[PDB]
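Below you'll find the structure, written out as structure tokens, and then a few comments.
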Amino acid sequence: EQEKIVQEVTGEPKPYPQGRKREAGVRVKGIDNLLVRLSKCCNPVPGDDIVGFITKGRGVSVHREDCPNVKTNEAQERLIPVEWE
RNA sequence: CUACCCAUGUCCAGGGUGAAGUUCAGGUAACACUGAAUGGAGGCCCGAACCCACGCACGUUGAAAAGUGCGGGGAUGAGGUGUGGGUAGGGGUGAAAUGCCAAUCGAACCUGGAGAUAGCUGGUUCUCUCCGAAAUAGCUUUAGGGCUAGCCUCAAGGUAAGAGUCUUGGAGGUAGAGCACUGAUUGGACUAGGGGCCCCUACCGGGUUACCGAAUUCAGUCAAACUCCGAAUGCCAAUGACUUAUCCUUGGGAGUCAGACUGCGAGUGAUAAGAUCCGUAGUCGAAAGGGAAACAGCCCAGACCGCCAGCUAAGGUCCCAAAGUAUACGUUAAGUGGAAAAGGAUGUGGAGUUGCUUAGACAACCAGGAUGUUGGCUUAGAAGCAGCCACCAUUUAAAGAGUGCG
RNA sequence: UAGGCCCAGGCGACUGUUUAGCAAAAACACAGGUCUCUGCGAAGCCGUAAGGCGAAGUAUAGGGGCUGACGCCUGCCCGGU
RNA sequence: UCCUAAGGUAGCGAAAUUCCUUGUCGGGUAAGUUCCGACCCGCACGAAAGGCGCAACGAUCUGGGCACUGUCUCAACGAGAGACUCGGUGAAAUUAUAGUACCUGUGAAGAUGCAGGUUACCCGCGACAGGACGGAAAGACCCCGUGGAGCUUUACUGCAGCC
RNA sequence: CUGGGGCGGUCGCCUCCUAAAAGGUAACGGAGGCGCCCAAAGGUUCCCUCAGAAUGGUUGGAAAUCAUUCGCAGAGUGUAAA
RNA sequence: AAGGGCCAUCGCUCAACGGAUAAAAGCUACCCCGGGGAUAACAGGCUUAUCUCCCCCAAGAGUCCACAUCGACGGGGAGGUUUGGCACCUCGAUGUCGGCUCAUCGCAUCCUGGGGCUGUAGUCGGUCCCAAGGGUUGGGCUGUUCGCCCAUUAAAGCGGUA
RNA sequence: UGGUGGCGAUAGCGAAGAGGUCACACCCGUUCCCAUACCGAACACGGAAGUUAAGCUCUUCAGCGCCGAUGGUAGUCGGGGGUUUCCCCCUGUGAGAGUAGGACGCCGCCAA
RNA sequence: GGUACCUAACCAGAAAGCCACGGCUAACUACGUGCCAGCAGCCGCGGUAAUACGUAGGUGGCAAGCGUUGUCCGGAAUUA
RNA sequence: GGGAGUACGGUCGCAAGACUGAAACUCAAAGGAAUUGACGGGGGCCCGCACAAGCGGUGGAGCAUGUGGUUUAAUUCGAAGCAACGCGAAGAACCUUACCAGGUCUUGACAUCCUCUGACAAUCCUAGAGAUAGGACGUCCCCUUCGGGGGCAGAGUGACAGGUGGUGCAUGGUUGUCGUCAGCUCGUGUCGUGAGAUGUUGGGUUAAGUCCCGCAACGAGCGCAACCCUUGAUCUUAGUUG
RNA sequence: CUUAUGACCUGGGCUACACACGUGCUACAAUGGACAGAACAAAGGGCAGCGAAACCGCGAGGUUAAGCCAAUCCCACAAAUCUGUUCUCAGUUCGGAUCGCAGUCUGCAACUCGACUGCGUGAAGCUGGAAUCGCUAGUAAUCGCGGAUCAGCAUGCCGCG
RNA sequence: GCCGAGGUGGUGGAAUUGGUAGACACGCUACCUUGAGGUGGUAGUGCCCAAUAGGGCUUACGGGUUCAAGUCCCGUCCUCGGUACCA
RNA sequence: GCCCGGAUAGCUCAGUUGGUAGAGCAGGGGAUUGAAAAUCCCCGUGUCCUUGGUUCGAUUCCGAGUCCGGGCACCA
RNA sequence: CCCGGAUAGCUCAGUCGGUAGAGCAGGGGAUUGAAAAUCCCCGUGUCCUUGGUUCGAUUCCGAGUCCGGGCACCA
């Protein structure tokens, strides 16, 4: 029945349209106030360091280095050493 | 007798209860009305005779083929009975039960067809000798009955044709075994492909995992309806040999068609039955004797008949109860043997392996019971000790931050 | 030697009758209700005719079925029979 | 919303119907599977197979209370009629022969009789009935017979009778 | 018929397994058929492979059709089974 | 000539299919009669699926602690009362449930005696073990057996024995 | 060498080569007989440029396939016995599997 | 009971409150408040400017008392 | 007034129910006639593109545009039947502009005060997205009888300033709307205890309370129309850039 | 309310879009399409405002520039119409969205987010369901033009024939 | 327990014949109508993707047979109608 | 006198021998109104009774009051 | 064995030789502040197939399916 509460709680992503209360939390190489997003390949947490990949657009993914997606990168210049702050 | 019914006489002790009326008085215009007295109706009441059977008790080879005892319901009417008649069995009759119709009744009674029929049950008498079975198959409104075939006896034949063993020759696909077909199924390697973390992002560009994974091959099992394989036997053979005589044909006559149990081969079941359905083999049935204490069905063995003789089988040999307290070697100690398991067990017997093992073990005695670091957390502490985490290392003859314990 | 009484309850209204000789009632009967047959040689019955029951009767009568005094009541379906 | 020729109205309702059940809820009792009062998820009540309610009635039938009681705890005693005893008369069902112990064990599976043991002098009499599958009735239930008789209707062929 | 009858299920044929390496053998024991169909689906004559897979390819896709190898067999055998 | 045979021949789920007739279904508790333990219910018998009684392995619960107490998924048995299988004796009769009457027998024990462990302070207790000599209440309902209930008692035992 | 038989693939595939003057083959063409559901692919018809590559034969080898012992075992006809869903002992029989091995051809007939 | 009383001496020293304040009914403003908290005998007041709630100021009422309460009569000619 | 002709108790009846007949409770009112109104699937008269008789479109199609919803950091706020929806917007690239993010700033961007001190500026420089800065140079205030005044600037200071913050159910003002529909009242007189009624109704007409007649009413006022413009004819005067 | 609900700047947004709604134009064609010729208005506007003619660009326009503070000059050559030519009934020689490339203007700047050409591309649609809306004579419909508004932008609204 | 029938769009219910539908009605869905309702009028309306075309998915569930299966065949599960008898 | 537990949102109630905290309703948030109801949704919104206390966080663990809830004692 | 039904989409009629007829439905029309129910219009038919008589002939004989009512054979 509390697993059904986990079924009924789908709607906590619904406060992640219309903005969320966010600081500059992913500090981008000492430079603040830049468009970054949390990587869905693997979650950026302070294990190994976290690296921002300059995408073609639509945001910057903080791919959490030691990931199979971040390791096989063509155009390594797009990776940016950023801070977890 | 009884069931109603038809004409006909006949009986019912007493007490209670009191309507319809009636009359009088009152009352009203007058009938309604009212009160007294009278009158006495009633499938009315209580209770005898008299009917009638409800409730127990007694009876039940009874006093009695339905009673008596102590009490009970009707007892002036749908009543009770006496006498004289009526209705007849596939009918009568019935305030109805299928009750009564002569101690009879879901069709009375009596002699008749009639010695009915009965595939059912009981019974079937004098003796020996001669050989002697079956309980299954098919079909059947049959399934406990029957006929044909199977198996037995009697007669006559053709005659050695039969059976057993050895011999060579096959047909056949179980038990077993195999996994090559069929299915089932283990595990690894490998992987098309598939989504998924999802990245870059037109479900489009590709990366990725133990997220799966068809195929793929490597090893691995498994079968009543899986066979590339495939025995023993059992069966049809030819062929001679040996030892045996029994087969077939024709004909008279049958009985048997409910079977049991023990072992192996299966099914049904619960790998339950002294269960059931069969296979092939026994016994019993139809077979006494001896053992299994006694006991159809197991283990021996077939009974013409007599003896106050002899030998063996199964099983027995201390005593019932005939036979060795024989003989050799072991084994149990439980009365196991004389009841049964998973499993538990320093019970013991005989093996084999190998560690320890007089520069001396085992048990026990005496001392050693460390260092880094009395470790530090979660916590108010843990010298491991609410419990981790490095399975660390030198002091030393030797001590693990540890067997444990609290 | 001649009532035991009181509270309720269904079932039968009631007195009556049968299971001679297991079973007396909650069954039958019953008055009343009721639909229907039947115009008189009625219908129905006995049973192949007669004959004289019904009835020396005549729809306010007589057979038959269905229920059961009285009081309140008896609604729906004509497709099948 | 499908289906009917039409979908149960009045009054009753765990009922002489009710399975689950002793339904639940209340009075009766210290305690009440029955009984009464109400409840309706009426398995399967219902209107002349009649529905409900009914004062009077019954050797009906369930339940409760008083009265009084050997019905009972818990038996006792007394009268008499059988019983036993002494003369009189004197049957009957039944009955293989019968000097008939009881434990196990076996067996047509539940012994008086056989086997193993155990105990027991012979013979009556008064009582009890555990047993002889004690007697009386070739089972009334149950299944077969190609039995049988009453009953039944849209089984079959018939017939009477009215058409 | 019947592991007492009742109801329920079945009744003859064909194939398999039980069946015990010949044939046969039962159970209300295990599995499925049949009351046909065909005028070519027979008769002969002569002819020639199949099932998938793997590729290559319009529409075409896992799966139409074309080749193309590898394929004694996995298919096809009027219809159940051996 | 009729009609008959011969031959070819068609009409039947006569399906219960070797087809008794061209043509067929019901109840008996109102019951008979011949038969059967060939064939049931009641009991006996064999077996033990089911049925209570034990145990085995132990994950776990029990603060820790498997083993005071419970013990899952699982295995193995013993008992022959129950629901049942089989149809062996009994259908020329073995009367069947429940109470009353007289009790008898086993022990897996309910009290009483003895003890061991305990999560046994004490008083009660739980649990196995030795014990069958003695006892085991009285009622309302139910035909009751069982069980509920009231009230006690030290205890309100279970199971045979047709 | 060719044609044609018989012998359980011990005759098989599989790979490695060799050979062709004739022989046998592909190979060259459809005018004709005949033809492919469409065709000279095959079947028919006829021809001989070059071709040993294919097949055809001739050799090697054991990689698969195939054949196949001995030894023992399973199971087992009968003989008895024991704790009786099974099992032991004796006489006799005797596989499969697994190997040792054999084998990548033998025997005929006719033409040259 | 030396009580009433009277005589003299003493001090602004000892000593006021509750009720009302929209209309009935004499007397009102300011804050708080926002169908909530609360008033109410009668009509009825408050969903953001409450003279009607609560508070403060200020009035008014009456006084050692004032309001509310339950009674009985009256107004009620509304038992005539 | 409801509770109610109900319950209960009793009589009466064959029953259905009649007759006698309450109460606890609850609202401050339920009803009586009358008047002005509004409505009528009531009547009579009568009007407008209302309907009929026609024309042309909207609803399908793309596209512009407007609000919905939804969507986002925000999609600024208001208008919501006709009488909001090409509307405020007679013009959203920044400006507008409020909204959202970042950068800011705090007598203020803007107004009076008050205290001074002098013109501030202008520019280029580096910043920086820019606001804002820091700077450089350049700061030149006028009018006066010399004190002052007039600004302009900055520095201050508290006053205040500011709000496109909220309520159009506090409001002025402003327009739509019934509709350019034919109506709404007053003064005096009476009428009726009073509310109100007459005048305005009756008759005849009109686009109309237009107007006439009648009339217990006579009158007046706001409305209608008219005078105001435009267009439609002509004359006078005036003729250029006609 | 107040070192913020006030002020300033950048940039975003008011223009989003699965989907309905009003309100407007351009169309679905032969009374049309295409080309050429011919002719005809009213009203309004113009000083950092109009811009002629002229030349150059396929063109939108560029270039320079007369004239005009206006019945003088410019916006402005009106369109429908008329007459020829061609088109022949189909998703086309109608449609003109959507979209690509190449351009021009204004302005600091046209990406979100402007208008207009030049080239291409060429869908939806072949008179639209129930229901509804306007209109009594220069109105119905139809065709162009002017202006406010604005640097820039109209299928919008006024106003004109 | 045994038989007999039947398992469905949001819902009720036909398609029970061999070839594909998931009728038809009622929902529901946007619009039209009304001042907003109910009502009435067109349009679709099984689930899910493609605003389109189309495809997937399916008629309790599970498996077979078929070129096919809501249906054919069989197992499970659910719910109705009938039976559970004689001592 | 004695001891034994609860002293939790606005209200009910979960956290319990140690994870600061939920849930329900109420209430508030705005869309829309005079504001309500209706429709659209949003939000926990707590001196864990205080005083102390071993601290490397405690609503719970401990004492200390207070308080509530108890049952035993104390007969003048 | 006889008798009953073979057309328009459908339900149904219907000539003695010369041909397409109703009703319901389909399609639209007007009608109506909407709606059915009415009110008109055309629609669509080898009159079952095959031969024959005859000038061709639903017409009408020569030749036959399938549904209902019966007499009555059925071993």
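Methodologically, a virtual Cβ is constructed for each residue, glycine included, from the backbone with ideal geometry; neighbour enumeration extends over all protein chains shown. Here, each number is a calculation from the coordinates, and none is a lab measurement.
Annotations
- Residues that are more than 14 Å from RNA strand B (Cβ to nearest atom) and surrounded by 10 or more Cβ atoms within 10 Å (Cβ to Cβ), drawn from segment A:6-45: A:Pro15, A:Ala24, A:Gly25, A:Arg27, A:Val28, A:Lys29, A:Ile31, A:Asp32, A:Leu34
- Residues located in segment A:23-70, provided they are within 15 Å of A:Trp84 (Cβ to Cβ), of a type in the set (A, V, I, L, M) and in a loop (DSSP other than H, G, I, E, B): A:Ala24, A:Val26, A:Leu34, A:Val36, A:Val45, A:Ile50
- A:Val62 being touching a strand residue (DSSP E or B) at 6+ places or on another chain (Cβ under 7 Å), surrounded by 11 or more Cβ atoms within 10 Å (Cβ to Cβ) and in contact (Cβ under 8 Å) with a residue 40 or more places away in the chain: no
- Among the residues making up segment A:2-22, those that are within 23 Å of A:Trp84 (Cα to Cα) and within 9 Å of RNA strand I (Cβ to nearest atom) are A:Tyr16, A:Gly19, A:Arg20.
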